[PDB]
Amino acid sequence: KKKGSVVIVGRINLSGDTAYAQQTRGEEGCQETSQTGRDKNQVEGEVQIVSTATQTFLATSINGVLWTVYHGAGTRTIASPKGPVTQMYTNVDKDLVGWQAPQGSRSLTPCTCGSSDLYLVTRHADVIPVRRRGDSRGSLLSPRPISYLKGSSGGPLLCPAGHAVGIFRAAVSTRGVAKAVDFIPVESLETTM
């Protein structure tokens, strides 16, 4: 057998004054699209909700590349209107993969602000303040159970101006409580590019 494609199943809408998740495809259509690799749904926005047959997570467009984590996507293609699209970037050492950004998506601009006051966008459209603590680390201003972050890998960390600062990769927790986050800095994306 052959593994299916990653499938865009929704998005995190950041266009207005309120952030909210939108679903664009149900479970049945997702499984069919994963097998065929043919997705004719219109794509919009910067942060996509994506799914395989077994996992769901996020993917974020930055600089014309739709980025996500290797531990979610593996080496899978992504479904597109013309069929499955092969990864343009794969780096298991960074837990990073990327495809060409879908037609209709909007790309975040890489941050050049040098700010340490960040915001993590989750699959439930929570915008979580995060204080940057290193090249790949930031602390939650309000810790919370890791349950609330599960499924948000591939989502963005944003600066106050809405630039992309990094891609959410892993949670740092003590007794099931997430106190910090580990992320792929945008500079690591820009180098890979």
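Numbering starts at 1 and runs along the sequence shown.
Quiz item: Once you work out the mean C-alpha B-factor for both 117-125 and 101-109 from the entry, which is higher?
Solution: Higher of the two, by average CA B-factor, is 101-109.
Quiz item: On average, are the C-alpha B-factors higher in 147-155 or in 26-34?
Solution: For C-alpha atoms only, the mean B-factor is higher in 26-34.
Quiz item: Based on the PDB record, which member of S139, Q42, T68, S51 exhibits the highest Cα temperature factor?
Solution: So the option with the highest C-alpha B-factor is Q42.
Quiz item: By the record's CA B-factor, is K179 among the lowest, middle or highest third of residues in the chain?
Solution: Its C-alpha B-factor belongs to the middle third of this chain's values.
Quiz item: Lowest, middle or highest third of the chain for the C-alpha temperature factor of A21?
Solution: Tercile = middle for this residue's CA B-factor.
Quiz item: Taking the entry's C-alpha B-factors for this chain, is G166 in the lowest, middle or highest third?
Solution: It belongs to the lowest third of the chain when residues are ordered by C-alpha B-factor.
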